[PDB]
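Chemist: Compact mmCIF, C-alpha atoms, file protein-v8.txt:
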```
# COMPACT_ATOMS: atom_id res chain seq x y z
CA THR A 8 160.61 88.44 117.79
CA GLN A 9 163.55 90.34 119.28
CA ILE A 10 166.75 89.17 120.87
CA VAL A 11 168.95 91.63 122.78
CA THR A 12 172.70 92.08 122.70
CA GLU A 13 173.54 90.00 125.78
CA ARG A 14 171.43 87.05 124.60
CA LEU A 15 173.35 87.04 121.35
CA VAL A 16 176.74 87.01 123.05
CA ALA A 17 175.46 84.18 125.22
CA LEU A 18 174.44 82.05 122.26
CA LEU A 19 177.62 82.89 120.37
CA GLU A 20 179.83 81.97 123.31
CA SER A 21 178.25 78.62 124.16
CA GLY A 22 177.54 75.70 121.85
CA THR A 23 174.05 75.39 123.28
CA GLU A 24 172.60 76.45 119.95
CA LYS A 25 173.97 76.73 116.44
CA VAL A 26 173.26 80.36 115.56
CA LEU A 27 172.82 81.65 112.02
CA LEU A 28 173.78 85.34 112.11
CA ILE A 29 172.87 87.69 109.25
CA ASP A 30 174.17 91.23 108.65
CA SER A 31 171.56 92.95 106.49
CA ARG A 32 173.58 96.15 106.09
CA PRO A 33 175.17 97.62 102.95
CA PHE A 34 178.35 96.01 101.74
CA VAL A 35 180.55 98.95 102.80
CA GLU A 36 179.28 98.74 106.34
CA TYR A 37 179.64 94.98 106.60
CA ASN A 38 183.19 95.38 105.30
CA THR A 39 184.17 98.20 107.61
CA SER A 40 183.11 95.96 110.47
CA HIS A 41 180.67 93.25 111.56
CA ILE A 42 179.81 90.77 114.32
CA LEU A 43 182.20 87.83 114.15
CA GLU A 44 181.21 85.41 111.39
CA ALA A 45 177.95 87.20 110.45
CA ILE A 46 176.76 86.55 106.90
CA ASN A 47 176.39 89.58 104.66
CA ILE A 48 173.06 89.63 102.85
CA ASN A 49 173.72 93.21 101.98
CA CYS A 50 171.15 95.91 101.46
CA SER A 51 171.61 96.21 97.73
CA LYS A 52 169.61 97.13 94.66
CA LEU A 53 170.33 93.66 93.26
CA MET A 54 169.84 91.86 96.53
CA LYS A 55 166.53 93.60 97.16
CA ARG A 56 165.19 92.94 93.68
CA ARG A 57 166.09 89.26 93.89
CA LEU A 58 164.66 88.75 97.39
CA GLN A 59 161.27 90.27 96.59
CA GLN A 60 161.28 88.93 93.02
CA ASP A 61 161.58 85.53 94.69
CA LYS A 62 164.38 84.47 92.37
CA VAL A 63 166.47 83.41 95.31
CA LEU A 64 166.47 80.52 97.69
CA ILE A 65 167.44 82.25 100.90
CA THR A 66 169.26 79.09 102.04
CA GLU A 67 171.31 78.93 98.85
CA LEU A 68 172.05 82.63 99.22
CA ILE A 69 173.32 82.03 102.74
CA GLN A 70 175.72 79.44 101.32
CA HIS A 71 176.76 81.70 98.44
CA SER A 72 178.01 84.14 101.12
CA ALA A 73 179.59 81.94 103.79
CA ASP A 78 174.63 73.95 107.99
CA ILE A 79 171.07 75.11 107.34
CA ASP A 80 168.04 73.83 109.27
CA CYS A 81 164.72 75.58 110.00
CA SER A 82 164.76 75.19 113.80
CA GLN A 83 168.12 76.94 113.76
CA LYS A 84 168.18 80.26 115.58
CA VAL A 85 168.54 83.12 113.10
CA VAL A 86 169.52 86.67 114.04
CA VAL A 87 169.27 89.57 111.59
CA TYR A 88 170.64 93.02 112.33
CA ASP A 89 170.93 96.39 110.67
CA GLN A 90 172.71 99.37 112.12
CA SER A 91 170.24 100.39 114.83
CA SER A 92 166.65 99.14 114.41
CA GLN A 93 165.08 98.47 117.81
CA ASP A 94 162.22 96.14 116.85
CA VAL A 95 160.03 94.77 114.04
CA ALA A 96 157.18 97.25 114.50
CA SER A 97 159.60 100.12 113.96
CA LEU A 98 160.48 99.00 110.40
CA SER A 99 159.27 101.08 107.46
CA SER A 100 156.81 98.83 105.69
CA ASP A 101 158.88 98.35 102.53
CA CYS A 102 162.51 98.66 103.65
CA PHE A 103 165.19 96.10 102.75
CA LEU A 104 165.31 94.52 106.22
CA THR A 105 161.56 93.98 106.06
CA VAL A 106 161.78 92.38 102.62
CA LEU A 107 164.50 90.10 103.96
CA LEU A 108 162.66 89.29 107.19
CA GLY A 109 159.82 87.88 105.11
CA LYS A 110 161.86 85.45 103.02
CA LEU A 111 163.63 84.26 106.18
CA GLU A 112 160.46 83.64 108.18
CA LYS A 113 159.53 81.73 105.06
CA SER A 114 162.34 79.23 105.80
CA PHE A 115 162.97 79.27 109.55
CA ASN A 116 160.78 78.99 112.64
CA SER A 117 163.28 81.00 114.66
CA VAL A 118 163.96 84.44 113.17
CA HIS A 119 164.85 87.16 115.66
CA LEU A 120 165.92 90.74 115.15
CA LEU A 121 168.94 91.99 117.13
CA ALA A 122 167.61 94.81 119.31
CA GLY A 123 169.84 97.86 118.89
CA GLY A 124 171.38 96.55 115.67
CA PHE A 125 175.11 96.77 115.10
CA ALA A 126 175.57 100.14 116.73
CA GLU A 127 174.70 98.67 120.12
CA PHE A 128 176.47 95.36 119.83
CA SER A 129 179.66 97.04 118.61
CA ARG A 130 179.44 99.51 121.47
CA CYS A 131 179.14 96.74 124.06
CA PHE A 132 181.34 93.99 122.55
CA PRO A 133 184.05 95.58 120.38
CA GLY A 134 186.21 92.46 120.53
CA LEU A 135 183.53 90.27 119.00
CA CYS A 136 183.45 92.37 115.82
CA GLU A 137 185.68 91.53 112.86
CA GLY A 138 186.62 94.30 110.47
CA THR B 8 171.88 117.73 118.20
CA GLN B 9 168.60 115.92 117.60
CA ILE B 10 165.37 117.04 116.01
CA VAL B 11 162.22 114.95 116.33
CA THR B 12 159.66 114.00 113.70
CA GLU B 13 157.10 116.70 114.52
CA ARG B 14 159.72 119.47 114.49
CA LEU B 15 160.71 118.40 111.03
CA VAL B 16 157.15 118.43 109.72
CA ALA B 17 156.80 121.88 111.24
CA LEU B 18 159.85 123.27 109.45
CA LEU B 19 158.88 121.58 106.18
CA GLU B 20 155.35 122.93 106.26
CA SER B 21 156.25 126.54 107.07
CA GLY B 22 158.66 128.85 105.28
CA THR B 23 160.05 129.95 108.63
CA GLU B 24 163.33 128.25 107.80
CA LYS B 25 164.84 126.90 104.61
CA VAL B 26 165.62 123.30 105.53
CA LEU B 27 168.34 121.18 103.92
CA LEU B 28 167.23 117.57 104.29
CA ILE B 29 169.65 114.68 103.70
CA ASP B 30 168.81 110.98 103.36
CA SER B 31 171.99 109.11 104.28
CA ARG B 32 170.55 105.68 103.44
CA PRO B 33 171.58 103.25 100.69
CA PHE B 34 170.40 104.06 97.20
CA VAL B 35 167.81 101.27 97.08
CA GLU B 36 166.16 102.54 100.26
CA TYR B 37 166.10 106.15 99.14
CA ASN B 38 164.58 105.00 95.88
CA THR B 39 161.95 102.79 97.43
CA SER B 40 160.86 105.82 99.41
CA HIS B 41 162.05 108.97 101.16
CA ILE B 42 160.94 112.17 102.86
CA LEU B 43 159.69 114.64 100.26
CA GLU B 44 162.60 116.38 98.53
CA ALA B 45 165.35 114.88 100.74
CA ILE B 46 168.78 114.68 99.12
CA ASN B 47 170.31 111.23 98.77
CA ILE B 48 173.90 111.14 99.98
CA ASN B 49 173.67 107.37 99.91
CA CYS B 50 175.57 104.97 102.11
CA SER B 51 177.94 103.60 99.53
CA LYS B 52 181.34 102.33 99.16
CA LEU B 53 182.28 105.11 96.82
CA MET B 54 180.42 107.74 98.80
CA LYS B 55 182.09 106.69 102.03
CA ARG B 56 185.56 106.56 100.55
CA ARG B 57 185.18 110.03 99.05
CA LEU B 58 183.72 111.61 102.19
CA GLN B 59 186.46 110.37 104.50
CA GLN B 60 189.16 110.72 101.83
CA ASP B 61 188.12 114.37 101.78
CA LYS B 62 187.95 114.45 98.00
CA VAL B 63 184.50 115.94 98.14
CA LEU B 64 183.10 119.35 98.92
CA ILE B 65 179.96 118.38 100.74
CA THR B 66 178.22 121.48 99.32
CA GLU B 67 179.09 120.53 95.76
CA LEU B 68 177.93 117.00 96.47
CA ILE B 69 174.60 118.32 97.67
CA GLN B 70 174.06 120.13 94.43
CA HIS B 71 175.09 117.30 92.25
CA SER B 72 172.39 115.27 93.77
CA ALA B 73 169.79 117.84 94.33
CA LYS B 74 167.98 117.36 90.99
CA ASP B 78 170.77 127.26 97.95
CA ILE B 79 173.57 126.44 100.38
CA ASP B 80 174.43 128.53 103.44
CA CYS B 81 176.00 127.48 106.74
CA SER B 82 173.29 128.86 109.05
CA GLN B 83 170.83 126.73 107.10
CA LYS B 84 169.13 124.02 109.13
CA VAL B 85 170.37 120.60 108.04
CA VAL B 86 168.65 117.33 108.93
CA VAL B 87 170.23 113.94 108.29
CA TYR B 88 168.44 110.66 108.75
CA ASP B 89 169.05 106.96 108.39
CA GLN B 90 166.48 104.24 108.84
CA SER B 91 166.14 104.31 112.63
CA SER B 92 169.04 105.83 114.58
CA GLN B 93 167.73 107.59 117.70
CA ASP B 94 170.65 109.91 118.49
CA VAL B 95 174.31 110.77 117.87
CA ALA B 96 175.72 108.88 120.89
CA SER B 97 174.12 105.68 119.59
CA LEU B 98 176.18 105.72 116.37
CA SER B 99 178.91 103.12 115.86
CA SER B 100 182.10 105.13 115.90
CA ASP B 101 182.99 104.51 112.23
CA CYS B 102 179.66 103.99 110.45
CA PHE B 103 178.74 105.89 107.26
CA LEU B 104 176.31 108.30 108.98
CA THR B 105 179.04 109.25 111.43
CA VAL B 106 181.56 109.87 108.63
CA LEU B 107 178.95 112.08 106.95
CA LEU B 108 177.99 113.91 110.13
CA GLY B 109 181.58 115.09 110.42
CA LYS B 110 181.93 116.60 106.96
CA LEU B 111 178.58 118.33 107.41
CA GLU B 112 179.38 119.86 110.79
CA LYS B 113 182.46 120.98 108.91
CA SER B 114 180.26 123.23 106.71
CA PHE B 115 177.13 124.08 108.69
CA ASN B 116 176.44 125.42 112.18
CA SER B 117 173.08 123.70 112.24
CA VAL B 118 173.32 119.93 111.71
CA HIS B 119 170.68 117.86 113.45
CA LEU B 120 169.92 114.18 113.29
CA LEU B 121 166.30 113.07 112.79
CA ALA B 122 165.35 111.14 115.92
CA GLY B 123 163.85 107.78 114.88
CA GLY B 124 165.13 108.04 111.34
CA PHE B 125 162.94 107.28 108.37
CA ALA B 126 161.12 104.37 110.03
CA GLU B 127 159.42 106.78 112.43
CA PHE B 128 158.76 109.65 110.07
CA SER B 129 157.32 107.31 107.47
CA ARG B 130 155.14 105.73 110.13
CA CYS B 131 153.75 109.08 111.24
CA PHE B 132 153.63 111.08 107.97
CA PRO B 133 153.14 108.65 105.06
CA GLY B 134 151.86 111.37 102.77
CA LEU B 135 155.05 113.40 103.11
CA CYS B 136 157.17 110.58 101.70
CA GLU B 137 157.83 110.33 97.97
CA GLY B 138 158.60 106.92 96.50
```
Re-express the file's structure as structure tokens.

Modeler:
Amino acid sequence: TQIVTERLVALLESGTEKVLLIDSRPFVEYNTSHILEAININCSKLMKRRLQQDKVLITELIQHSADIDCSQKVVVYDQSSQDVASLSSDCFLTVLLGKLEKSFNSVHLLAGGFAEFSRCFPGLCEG
Amino acid sequence: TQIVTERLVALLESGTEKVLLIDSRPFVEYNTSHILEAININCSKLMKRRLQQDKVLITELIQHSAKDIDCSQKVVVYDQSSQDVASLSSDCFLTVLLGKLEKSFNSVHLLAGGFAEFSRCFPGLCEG
């Protein structure tokens, strides 16, 4: 589903849940700046081929970037996507979202993407 | 400012104005699919360095990639889903780009809803 900015700060701040946070954006963007300890599965020619080719175990990929577990809350974000319906049918994010919902019961998109989180919580963004 | 999906289709369809249409998105995305005859100034490490380094004439860049410039010319940038200029993270690629473009054209508008919304509403006007 979706999960809004304030929910994400709440989960991040507490220990309540172990949150797996993915930054789907291009490498440059991730590198400029990202949400603290987000994992860069970057929008890439290679990354996109390998996702949709199904040559990649998403859980191995997660490790190759950084504790995995399907109940684990997962939050993907791009720069500004509001919700799942407003994704172009064959965009990178979409490709990704599939393979992730193919491993986790809890996959939520960050409403407002990184533009909105970084606007509201500058201090919780590493760069 | 902003320019919404239906304005863009209107300008594209008519000859009223010669529209310069830029797809700011990563190369993969542009390649998967884009608005007919948009020019890919792709969100890149190189592209971003060169923009903000000011090593690039934006107008020369346009013509590299294309395959008629003129500052009055309507220019429309888009990413995947940005709604408006205020909702851009201060130092994101788009933003960088928007500067260098407003530094060459009087008419630079962002496509409200980005490519997600145009491609939803006008599938046939997207090459892939």

Chemist: Rounded to one decimal in Å, what is the spacing between CA of residue 135 in chain B and CA of residue 17 in chain B?

Modeler: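 Computing it gives 11.9 Å between the two atoms.
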
Chemist: Restrict the calculation to only C-alpha atoms, then for each residue of range 8-113 of chain A with any atom at most 9 Å from an atom of range 100-110 of chain B give the closest atom pair and their distance in Å to one decimal, rows by chain and rising residue number, as JSON lines.

Modeler:
```
{"residue": "A:35", "atom": "CA", "partner": "B:103", "partner_atom": "CA", "distance": 8.4}
{"residue": "A:36", "atom": "CA", "partner": "B:102", "partner_atom": "CA", "distance": 6.7}
{"residue": "A:39", "atom": "CA", "partner": "B:102", "partner_atom": "CA", "distance": 7.9}
{"residue": "A:40", "atom": "CA", "partner": "B:101", "partner_atom": "CA", "distance": 8.7}
{"residue": "A:90", "atom": "CA", "partner": "B:102", "partner_atom": "CA", "distance": 8.5}
```

Chemist: Fewer than 5 positions away in the same chain doesn't count, so skip those; otherwise give me all residues within 12 Å of range 108-115 of chain A, counting only C-alpha atoms, as a CSV table (one decimal) with C-alpha atoms, in the frame of the given file.

Modeler:
```csv
chain,number,residue,atom,x,y,z
A,8,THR,CA,160.6,88.4,117.8
A,26,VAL,CA,173.3,80.4,115.6
A,27,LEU,CA,172.8,81.6,112.0
A,28,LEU,CA,173.8,85.3,112.1
A,29,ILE,CA,172.9,87.7,109.2
A,30,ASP,CA,174.2,91.2,108.6
A,31,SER,CA,171.6,93.0,106.5
A,48,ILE,CA,173.1,89.6,102.8
A,55,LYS,CA,166.5,93.6,97.2
A,57,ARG,CA,166.1,89.3,93.9
A,58,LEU,CA,164.7,88.8,97.4
A,59,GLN,CA,161.3,90.3,96.6
A,60,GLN,CA,161.3,88.9,93.0
A,61,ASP,CA,161.6,85.5,94.7
A,62,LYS,CA,164.4,84.5,92.4
A,63,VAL,CA,166.5,83.4,95.3
A,64,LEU,CA,166.5,80.5,97.7
A,65,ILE,CA,167.4,82.2,100.9
A,66,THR,CA,169.3,79.1,102.0
A,67,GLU,CA,171.3,78.9,98.8
A,68,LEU,CA,172.0,82.6,99.2
A,69,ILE,CA,173.3,82.0,102.7
A,79,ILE,CA,171.1,75.1,107.3
A,80,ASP,CA,168.0,73.8,109.3
A,81,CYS,CA,164.7,75.6,110.0
A,82,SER,CA,164.8,75.2,113.8
A,83,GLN,CA,168.1,76.9,113.8
A,84,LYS,CA,168.2,80.3,115.6
A,85,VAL,CA,168.5,83.1,113.1
A,86,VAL,CA,169.5,86.7,114.0
A,87,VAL,CA,169.3,89.6,111.6
A,88,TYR,CA,170.6,93.0,112.3
A,89,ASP,CA,170.9,96.4,110.7
A,94,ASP,CA,162.2,96.1,116.8
A,95,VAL,CA,160.0,94.8,114.0
A,98,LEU,CA,160.5,99.0,110.4
A,100,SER,CA,156.8,98.8,105.7
A,101,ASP,CA,158.9,98.4,102.5
A,102,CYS,CA,162.5,98.7,103.6
A,103,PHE,CA,165.2,96.1,102.8
A,120,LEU,CA,165.9,90.7,115.2
```

Chemist: For chain B, which residue out of A:15, A:50, A:122, A:43 is the nearest one, using all atoms listed in the file?

Modeler: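 Residue with the minimum atom-to-atom distance to chain B: A:50.
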
Chemist: Tell me which of B:19, B:63, B:46, B:126 sits closest to chain A, counting all atoms listed in the file.

Modeler: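 That would be B:126, the residue with the smallest distance to chain A.
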
Chemist: Work out how far apart CA of residue 137 in chain A and CA of residue 57 in chain B are and give it in Å to one decimal.

Modeler: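 Result for CA of residue 137 in chain A versus CA of residue 57 in chain B: 23.1 Å, one decimal.
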
Chemist: Take CA of residue 124 in chain B and CA of residue 106 in chain A and report the distance between them in Å, one decimal.

Modeler: 18.2 Å

Chemist: Residues of chain B near chain A: apply a cut-off of 7 Å, count all atoms listed in the file, and supply the list as a tab-separated table (two decimals) with C-alpha atoms, in the coordinates of the input.

Modeler:
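This went into selection-v6.tsv:
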```
chain	number	residue	atom	x	y	z
B	35	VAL	CA	167.81	101.27	97.08
B	36	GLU	CA	166.16	102.54	100.26
B	51	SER	CA	177.94	103.60	99.53
B	52	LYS	CA	181.34	102.33	99.16
B	91	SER	CA	166.14	104.31	112.63
B	92	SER	CA	169.04	105.83	114.58
B	97	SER	CA	174.12	105.68	119.59
B	98	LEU	CA	176.18	105.72	116.37
B	99	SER	CA	178.91	103.12	115.86
B	102	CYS	CA	179.66	103.99	110.45
B	126	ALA	CA	161.12	104.37	110.03
B	127	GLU	CA	159.42	106.78	112.43
B	129	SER	CA	157.32	107.31	107.47
B	130	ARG	CA	155.14	105.73	110.13
```

Chemist: Dig up all the protein and nucleic acid residues within 12 Å of (177.7, 119.8, 113.4) in the file frame, using only C-alpha atoms, and format them as a PyMOL selection string.

Modeler: chain B and resi 8-9+81-87+95+105-120
